[PDB]
Amino acid sequence: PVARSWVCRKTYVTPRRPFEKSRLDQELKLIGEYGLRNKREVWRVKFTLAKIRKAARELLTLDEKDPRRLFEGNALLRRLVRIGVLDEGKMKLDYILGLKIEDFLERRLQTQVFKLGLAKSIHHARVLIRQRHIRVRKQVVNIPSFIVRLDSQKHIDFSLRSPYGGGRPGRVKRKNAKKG
Amino acid sequence: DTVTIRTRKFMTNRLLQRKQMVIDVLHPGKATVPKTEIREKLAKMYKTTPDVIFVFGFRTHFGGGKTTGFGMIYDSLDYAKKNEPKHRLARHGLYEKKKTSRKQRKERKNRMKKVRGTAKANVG
Amino acid sequence: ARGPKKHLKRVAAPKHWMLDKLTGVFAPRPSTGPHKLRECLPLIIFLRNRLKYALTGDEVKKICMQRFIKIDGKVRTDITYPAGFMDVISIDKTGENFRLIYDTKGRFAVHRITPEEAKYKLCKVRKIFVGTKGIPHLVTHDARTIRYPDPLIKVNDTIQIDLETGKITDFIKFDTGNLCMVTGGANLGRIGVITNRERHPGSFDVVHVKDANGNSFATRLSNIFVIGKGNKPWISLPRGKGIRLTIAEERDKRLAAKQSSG
Amino acid sequence: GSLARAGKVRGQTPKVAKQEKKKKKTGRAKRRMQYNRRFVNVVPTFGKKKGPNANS
Amino acid sequence: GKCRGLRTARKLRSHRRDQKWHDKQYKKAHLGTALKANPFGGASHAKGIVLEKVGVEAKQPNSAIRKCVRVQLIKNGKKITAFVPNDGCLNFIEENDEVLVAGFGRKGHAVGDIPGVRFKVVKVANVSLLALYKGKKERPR
Amino acid sequence: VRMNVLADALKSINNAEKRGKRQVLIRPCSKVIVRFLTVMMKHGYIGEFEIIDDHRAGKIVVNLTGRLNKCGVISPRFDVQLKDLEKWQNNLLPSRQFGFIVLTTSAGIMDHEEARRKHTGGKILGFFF
RNA sequence: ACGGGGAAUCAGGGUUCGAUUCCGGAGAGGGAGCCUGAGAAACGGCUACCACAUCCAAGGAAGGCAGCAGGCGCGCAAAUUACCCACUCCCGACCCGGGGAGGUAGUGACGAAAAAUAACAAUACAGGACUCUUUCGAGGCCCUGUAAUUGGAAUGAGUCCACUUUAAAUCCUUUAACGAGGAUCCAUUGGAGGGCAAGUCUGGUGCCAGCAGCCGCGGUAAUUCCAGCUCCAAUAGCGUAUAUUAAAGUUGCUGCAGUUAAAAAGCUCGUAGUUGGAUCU
């Protein structure tokens, strides 16, 4: 007997066909467009989208006036419009089925700090986040896969200790200025 | 610049003759603030002497913004020596634990188990 | 296997204690006492997990050995003492009285009561029997043996017990139209008026109870505890008045409260 | 059925030392390079869809 | 045709249970004769001692000498023929040394040209054949 | 021998509709057959029909409008709860936009949609689309 | 074959697993019999026999790790003879003692989560085109790549302080110092005939050596061995063996077949079994 919890789960699904050319090109296009590291991130976002779609289908097979459908569909739509994937005007269960993977990839912190002009490219966005230059509200966020909520979009600043937002020169700048 | 101290969840435990609280330490560009000066800031803030203040469990948040810990402020030093864990008193130099390992004590007990009478004290 | 068990696993503990899963392997095994193992709140859970006067069980022991806690007017130093439905927990040092009462989620709420209402409790009589040269004895849900009860008092009735003397002050009969709470099953913690008791000889009687909001439910007869004569309770009720809300209504109330509070 | 010849071809293969080349990119940069080579420009194509390792 | 009746559950289940025994895979995995005749005894690998080096002639369409070894398993003393996969890898094996042997990939079936050989050598003298093959490791002395 | 007169009736209707005939003779008739045919008619799948009364068991002349793709019986009459109704619909119906599973419930013989409306399960008699 | 909660897989139905931390049972080398006690047929209690085994001065005495570590053995197959009662609880006469329960570290690529191995500018180069004349050309006005081109910026891996952590501690978090241009601080594991993504490029061998799950490749121009180069697949992971699930509508209840591909008994009767016409508001 241990107090430890063994609860864990795999956050992605490996494709059934390993060498489908169309799937390889589509995943590579997603990777290049959003600056992802490997296929596993695409498969991860795919798994989240698939689970959301499965929940939406299961709720849709229910009676419309069934209380569980109302409660859980409302919660799911509220979460989807909370993270910005779903528009507040489109708040029906069958509107969940029309979501893409790019909808979720757009809400990543990497994509957001690229879009908000903080970085020159998406790979610069990744290296900026990984190097602790980006903060969400008051919290220094270090994860590029961090999914930004709508109420958190307006607070993505350049950190108060970063050389780009706080004005303490980095190791390289200080070392170079010493020789000067 | 300076270190800020706030006390989120304050309660007065008259059962244990103390005040217990959660301490938020704001220190944007410093290492985790030492407990010895958190205690003196709490002493100034709550108008008491810093030897009845026991602070523990301080966890700095990712990025270096603030550190969260827990703290007690006892009505008197005697009530502190009564209601405080021995290790936290020892952190203040108010208690010294035994200088023997578990192995030494266990084999001493099992060796004493083999003798009867006053001779038990003759083996150590 | 051989003889009684003395431990209780953390995950095998009653779910209404709201214990964690990572704070140890063991849960406080309640001592033997007036209430059942799964229908009680051990004193350590109340003084540490609910009231938060203690951070560890050692602090609960320190609090209890100063004789600061009284259950039903008697000082208890057992930190695992089983405290259950209708028990009065008095702390004179901090000057507060609580009554162990059920919430609509089936959990012992932290219900503060006045010093005047801490002088008594309500007990459901579990049996009545004539014994020992003709004296009628009455046994209650808290195993309190009272001799010479009123001859009108029967099983499933409720009696108001003065905690100082342990004697019956008044009683409420089990009847349709009387306020009651549910002490077991799915409807645990709900408060309503009894509407119909349908008898099953040789089996469990089923009692139907209507909420103060119009909602109706059913329980087994053993799970009913008469609370008041008519619809007025003889004791104070929690923040919720025994009216269980649906998840949609509870969500709407929570959202509105957060909108109007902060 | 003689086992005398066991490392014949590998033993008699003229040993060639691998060249020295700059390290390949790893992780996200390698995927970025692949995406650039395959989707950004149509310079390496002919309208015939030739292969990445075409030696012709 | 099949019985379609509300009270035919017993007959349908019994028929399915009897007819499952006519499936080769089910009968193989549920009789015990295959498990008792398996040299590995149901294991995935087995350690054995090389008794000699043999050259098995490839099947008729092909022409080659596949280098294998006769190994006697430590677990049960059973003698099997294990293929030594790569080239020059039979040179890494010496007589009366310990080899770890796995299956050939077809679950008790012969693989390719090699007739009657269902095992392959994975380790020799507690060093993998692949590490010796690429020069990563050398034979213990 | 002959069992499940509803099966024979539905087979006759199906075979006549495949042949393009405007009418089909069903014999023998039954209460279940008439109720199934009425459920079929209210949805416009077969149109009017006439019960010929011979003094042993009825016959039915069903006018056929060529709107019927398949009418089938489900033998045995499996008892269906409201939960399993969706699985039965997925198995037997060509689409969620049309097609009806007929059940006998304590409220009568009706399609699956009316069974959901009345909140009742029953025993599946057949389907039509 | 300990049972169940449950796990893997799964369109629907199902198939397989469940020694394993929770509940219930059983046992303490195998049997058996008991004492004590509220509770044991208890084994970190006793009494025998059976097996094995320890000390002996040979008269006797003493055993039970399927507790925690650690050995041996077995095997394809599994970690420290570590620290602590600080947590969780338990026991006691007990606020105070004790607990290899339990907690904490060690070993750990069982698995699961996050996640580096570069980013950005100028320089020209293979460079394009809704930039323009008139296809011819100017190509800092809209982006890739030669890079042993240049340039500064950024940062953590690492080393090392001080806190913080915690029962001493470690780790994470925090702070400072040093820490990046082959940023040599150098990513691998399998493949490149088809299935199945990626070379009929070069050298070697010549039905040999070998490759190859399958089909097949190899007998002097090998897209398949052995190599070099290049290329693609996943990526801090990837290959292999075995078992198993889906694929398998190749176990078919959903939902298979039975003239000739495997298959209706030679033929009837017949009990159980299965199935059974209309009809009652």
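Below, each value reflects all heavy atoms present in this structure, side chains not excepted, and no hydrogens, waters or symmetry copies. Order of the sequence lines fixes the chain letters, A, B, ..., with proteins taken first and strands second; residue numbering starts at 1 for each chain.
- Looking at heavy-atom distances under 4.0 Å, A:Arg44 makes contact with sugar-phosphate atoms alone, never a base.
- There is no side-chain donor-acceptor pair under 3.5 Å between C:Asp58 and C:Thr56.
- Comment: A:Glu58 does not engage A:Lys54 in a salt bridge, judged by the lack of any side-chain N to carboxylate O separation of less than 4.0 angstrom.
- Read 5' to 3', the first and last nucleotides of RNA chain G with an atom closer than 4.0 Å to a heavy atom of chain D are G:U117 to G:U235.
- Under the 6.0 Å distance and 45° angle rule, E:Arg118 does not count as a cation-pi partner of E:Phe40.
- Base pair annotation for G:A61 with G:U54: paired, by the Watson-Crick or G-U wobble rule (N1-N3 plus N6-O4 or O6-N4, or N1-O2 plus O6-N3, under 3.5 Å).
- Nearest-nucleotide assignment on RNA chain G puts the 5′-proximal partner with A:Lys120, out of B:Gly65 and A:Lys120.
- Adjacent in the strand, G:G18 and G:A19 do not form a stacked pair, their six-membered rings missing the 5.5 Å centre or the 30 degree orientation threshold.
- Residue A:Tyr12 is in sugar-phosphate contact alone, with no base atom involved, counting any heavy-atom pair closer than 4.0 Å across all strands shown.
- Looking at heavy-atom distances under 4.0 Å, A:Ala119 makes no contact with the nucleic acid at all.
- Ring orientation note: the planes of D:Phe39 and D:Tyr35 are tilted relative to one another, at an angle of 30° to 60°.
- Residue-level contact check: A:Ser121 touches the backbone only, with heavy atoms under 4.0 Å from sugar-phosphate atoms and none from bases.
- Toward the 5' end of RNA chain G, the nearer of the two residues C:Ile44 and B:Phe62, judged by each one's closest nucleotide, is C:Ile44.
- As judged by a 4.0 angstrom heavy-atom cut-off over every strand, E:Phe40 is placed among residues making no nucleic acid contact.
- Counting any heavy atom pair closer than 4.0 Å across all strands shown, E:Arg16 reaches a base atom.
- Residue-level contact check: A:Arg132 touches the backbone only, with heavy atoms under 4.0 Å from sugar-phosphate atoms and none from bases.
- Residues E:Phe83 and E:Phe119 place their aromatic rings such that the two centres sit no closer than 6.0 Å.
- As judged by a 4.0 angstrom heavy-atom cut-off over every strand, F:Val1 is placed among residues making no nucleic acid contact.
- Using a 4.0 Å heavy-atom distance criterion, E:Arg118 is classed as making no nucleic acid contact.
- You'll find the ring centres of A:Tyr12 and A:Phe47 outside the 6.0 Å limit.
- Using a 4.0 Å heavy-atom cutoff across all strands shown, E:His15 reaches no nucleic acid atom at all.
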Please list, one pair per line, the donor and acceptor atoms closer than 3.5 Å that link side chains of residues 56-63 of chain B to other protein atoms, with sequence neighbours excluded.
residue : atom : partner : partner atom : Å
B:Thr60 : OG1  : B:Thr32 : OG1          : 2.9
B:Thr60 : OG1  : B:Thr67 : OG1          : 2.8
B:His61 : NE2  : B:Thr68 : OG1          : 3.1

